[PDB]
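Chemist: so I pulled this structure from the PDB, and the sequence comes with it:
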Protein chains: 2
Amino acid sequence: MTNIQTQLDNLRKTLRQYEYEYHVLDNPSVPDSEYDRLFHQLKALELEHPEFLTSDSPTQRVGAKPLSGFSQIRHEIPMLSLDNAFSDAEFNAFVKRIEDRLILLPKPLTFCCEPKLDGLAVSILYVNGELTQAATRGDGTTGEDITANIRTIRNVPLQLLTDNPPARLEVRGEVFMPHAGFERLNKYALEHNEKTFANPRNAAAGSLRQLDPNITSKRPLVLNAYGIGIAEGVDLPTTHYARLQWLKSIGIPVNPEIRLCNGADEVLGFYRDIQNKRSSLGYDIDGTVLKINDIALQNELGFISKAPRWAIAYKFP
Amino acid sequence: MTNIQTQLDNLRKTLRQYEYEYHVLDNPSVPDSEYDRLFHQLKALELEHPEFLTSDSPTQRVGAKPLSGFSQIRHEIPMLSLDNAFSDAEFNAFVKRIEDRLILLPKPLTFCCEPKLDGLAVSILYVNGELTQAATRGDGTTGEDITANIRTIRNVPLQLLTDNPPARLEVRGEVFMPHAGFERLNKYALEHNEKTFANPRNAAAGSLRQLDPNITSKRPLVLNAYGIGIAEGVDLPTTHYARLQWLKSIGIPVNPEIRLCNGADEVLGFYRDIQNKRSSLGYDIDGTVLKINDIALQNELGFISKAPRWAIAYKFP
Ligand SMILES: Cc1ccc(Cn2cc(C(N)=O)ccc2=O)c(C)c1
Ligand SMILES: Cc1ccc(Cn2cc(C(N)=O)ccc2=O)c(C)c1
Ligand SMILES: Cc1ccc2cc(C(N)=O)cc(O)c2n1
Ligand SMILES: Cc1ccc2cc(C(N)=O)cc(O)c2n1
């Protein structure tokens, strides 16, 4: 035991807890000036005692050397994409088909509803609570290694807030750029004879394709997790909403507008509410993502790949 | 000009025309004994004058040397798979969703209906009317090279019956084994202390995985084309049924039970008719494949990959 090691462990625990409050809860217990006091005190002490430096310390988000290119990662579980609807009647048909296809339809058919973020889908692996790798969705089978870029994201924890993390946990989420950060970036880009971005999605896509993490760190990117891939050494909740509350509870950022609706009429009320809130959110959205809440009914319904919307195989009983 | 070359060109034209009559029309103009008289007369003359041997001659279906393994082929256009339904109401919802999603719905919504063959999906490329390559569907992006095995199939033409073939034409179809051939194969397999097959689909899958084409040729496999991939140097028909009639007209085998139905009620009549014919067809079927006939409405509806049946993105207008 040494005073320095004890000092470094205390600083790291305190900074991680403040980052959770500020980023995931949006309720910081201390001023930003206090968070920075502790942060650069930790950065100073680590440099004075390099033997006690850890790769997952709050001060190690930026890889000091750029990459040459991105490697290819084949996902163990395929990253899915969503099918779409453009009207209340088309949504009501998607529901009616599910009611007919399900063996047993529950009294209230519960849906977990959320705004559809206009971002980029990513997969982030935590091995024993430590961020080891991150990849883009790509084609759903193969993506690109973006580990160094994802580590730079301020609301992405380098380690999970839990004393008993899963052996392996893969978080799937959207990386986007809020309106305020996009406006700063363009003001800076135009007043430095640099490339301006048409919209925040192009700004987010361009930031994640940077080979130098030092640039990526100066791009105000944000993550909101929507789902889990690999999950080993854990009993995941049996409803989709409970899984998102569980990710939130172990340090993962999730969207605050997520609600549970019973049946198509309540789901349509959510779509209308989110449509009227569009101008006030502070980030871009394309619509609403509506899922069946019960995980057993999801497993029963399954997935499609790669099938036309103009053909169906009516199978014999 | 030589008499032998003229003799070989006449034999090849006559045999190809008889194969079309026997396999695609099911109306041979001559007895099987007559077809064989000309076939082994051609085989004899080619061996006596090896300089006039062609790789696409009716006598060159079997590669005399086995393969070591199968190479991988990435399809230029992705090979799709079908979504499914299990009831009249689930089928009626799939239709109702299309009616809501289409910008303009025509007076009769016409469907091209056919029995769902219990076979294996293959892609076959014809370059200037000559069979050059063939592959399995695989995952829809990558498949395996099965050229040597597909050439052995009696109803698969080695050259298209047309004086003006497309520059490149890719035929997509099902390879299956009819009941009569499956019964012979098992009688032979059991009376030779060899492996018997549980059903004709496993018999068909096992035949196409043979590295030696000499074995594959003794397996009574059959093709029925369901669609086109690549098509260069041709104006394809604007309805799906007309494309299948066009493939039939240039020497490609297609299923004889294909019909056009207007609306869901006529389509349900087709499903019931095919369900009652199941015991009489002479090959195995899983249900019926129902497609939108108009190719412009297909292009408008598009395809999905890889999306869950339990989620939908309701997009904003
Ligand atoms: C100088 C400085 C420090 C920190 C922040 C924002 N912030 C605040 C906290 C906090 N209050 O617990 C935690 C993490 C974090 O990133 C800004 C904008 C500027
Ligand atoms: C000996 C022999 C020859 C041919 C056939 C079958 N068949 C017949 C014709 C034909 N009639 O025009 C064309 C091709 C073909 O494969 C069998 C079963 C037996
Ligand atoms: C399964 C899946 C895939 C992509 C998604 C993307 C979003 C999104 N763009 O917000 C939300 C979801 O719930 C998603 N869910
Ligand atoms: C697009 C596509 C893909 C696979 C198919 C398979 C079959 C079949 N198994 O008969 C029929 C079709 O019309 C198909 N159509």
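Modeler: Yep, that arrived. Residues are numbered from 1 along each chain as shown, chains lettered A, B, ... in the order given. Ligands and ions are numbered 1, 2, ... in the order given.

Chemist: which residues touch the closest residue to residue A:141 other than its chain neighbours?
Modeler: Nearest residue to residue A:141 in three dimensions, chain neighbours excluded: residue A:78, at 6.0 Å (Cβ to Cβ, 6 or more residues apart in numbering or on different chains). The C-beta positions use only the backbone N, C-alpha and C, and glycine is treated the same way. Applying Cβ atoms under 8 Å, 6 or more residues apart in numbering or on different chains to residue A:78 gives the contacts A:140-141, A:305, B:306.

Chemist: can you tell me how far residue A:183 is from residue A:220?
Modeler: Per Cβ to Cβ, to the nearest Å, residue A:183 is found 10 Å from residue A:220.

Chemist: which of the contacts of residue A:78 sit farthest apart?
Modeler: A:141 and A:305 (9.7 Å; Cβ to Cβ).

Chemist: okay, those two: which has more neighbours?
Modeler: residue A:305 (20 against 15; other Cβ atoms under 10 Å in any protein chain shown).

Chemist: what about the more buried one, which SS state?
Modeler: strand (DSSP: H, G, I helix; E, B strand; the rest coil).

Chemist: go ahead and confirm it touches residue B:309.
Modeler: No - using Cβ atoms under 8 Å, residue A:305 is not in contact with residue B:309, being 11.1 Å away.

Chemist: helices along the stretch 51-200 of chain A, start to end?
Modeler: Assigned by DSSP state H, counting those that start in this stretch, the helices in the stretch 51-200 of chain A fall at A:88-101, A:147-150, A:179-190, A:200-208.

Chemist: nearest to ligand 3: which residue in the stretch 1-150 of chain A?
Modeler: Proximity to ligand 3, evaluated over the stretch 1-150 of chain A using Cβ to the nearest ligand atom, is greatest for residue A:117 at 3.8 Å.

Chemist: that residue against residue A:255, yeah?
Modeler: Yes - with contact defined as Cβ under 8 Å, residue A:117 reaches residue A:255; the gap is 7.2 Å.

Chemist: find residues that contact each of these two.
Modeler: Counting by Cβ under 8 Å, 6+ apart, the residues touching both residue A:117 and residue A:255 are residue A:224.

Chemist: so which of the contacts of residue A:78 would you say is closest to ligand 4?
Modeler: Nearest member of the contacts of residue A:78 to ligand 4, counting by Cβ to the nearest ligand atom, is residue A:305, at 12.5 Å.

Chemist: hey, what's that closest one bridged with?
Modeler: With DSSP bridges as the criterion, residue A:305 is bridged to residue B:305.

Chemist: distance of it relative to residue A:177?
Modeler: 30 Å.

Chemist: burial check on the nearest residue to residue A:74 once chain neighbours are set aside, number of neighbours?
Modeler: Leaving aside its sequence neighbours, residue A:74 sits nearest to residue A:142 (Cβ to Cβ, 6+ apart; 5.2 Å). The number of residues packed near residue A:142 is 15, by other Cβ under 10 Å.

Chemist: surely residue A:142 and residue A:76 touch.
Modeler: No - using Cβ under 8 Å, residue A:142 is not in contact with residue A:76; the gap is 11.7 Å.

Chemist: one step back: quick one: contacts for the residue nearest to residue A:74?
Modeler: Counted by Cβ under 8 Å, 6+ apart, residue A:142 has contacts A:72-75.

Chemist: inside strands: which ones of those residues?
Modeler: Using DSSP state E, the subset of the contacts of residue A:142 located in strands is A:72-74.

Chemist: all strands for chain A, in order.
Modeler: Under DSSP E, chain A gives strands at A:72-74, A:84-85, A:110-117, A:120-127, A:130-136, A:142-144, A:168-176, A:222-232, A:259-262, A:285-292, A:303-308, A:311-315.

Chemist: ok, the longest one near ligand 1 or not?
Modeler: No - no part of strand A:222-232 sits close enough to ligand 1 to count as contact by Cβ under 6 Å from any ligand atom; the gap is at least 11.8 Å.

Chemist: which residues of chain A lie near ligand 4?
Modeler: So chain A meets ligand 4 at residue A:311 (Cβ under 6 Å from any ligand atom).

Chemist: let me see the domain layout of chain A.
Modeler: Using curated CATH domains, the domain parsing of chain A gives A:1-61, A:81-118+A:254-317, A:120-253.

Chemist: can you give me the end-to-end distance of the longest one?
Modeler: Domain A:120-253 has an end-to-end distance of 15 Å (Cα to Cα, to the nearest Å).

Chemist: on that earlier part again, so for residue A:183 and residue A:220, which sits in the more crowded spot?
Modeler: Using other Cβ under 10 Å as the criterion, residue A:183 and residue A:220 rank with residue A:220 on top: 20 against 13.

Chemist: contacting residues for that one?
Modeler: Here residue A:220 is in contact with A:177-178, A:180-182, A:184-185 (Cβ under 8 Å, 6+ apart).

Chemist: looking at these, spot the one nearest ligand 2.
Modeler: The closest of the contacts of residue A:220, once distances to ligand 2 are taken by Cβ to the nearest ligand atom, is residue A:177, at 65.9 Å.

Chemist: list the contacts for that closest one?
Modeler: Contacts of residue A:177 (Cβ under 8 Å, 6+ apart): A:185, A:200-201, A:203-204, A:207, A:219-222, A:283.

Chemist: before we move on, back to that, neighbour-wise, which of the ones in strands among the contacts of residue A:142 leads?
Modeler: residue A:73 (19 neighbours).

Chemist: report the beta-bridge partner residues of that one.
Modeler: residue A:143.

Chemist: so what's it up against?
Modeler: A:133, A:135, A:142-145.

Chemist: re the thing from before, now the residue nearest to residue A:141: phi and psi?
Modeler: Here is the backbone geometry of residue A:78 (degrees, to the nearest 10): phi -70, psi 140.

Chemist: related to what we said a few turns ago, drop anything exposed from the contacts of residue A:73.
Modeler: Taking 16 or more other Cβ atoms under 10 Å in any protein chain shown as the criterion, what is buried in the contacts of residue A:73 is A:135, A:143-145.

Chemist: brilliant, that's me finished.
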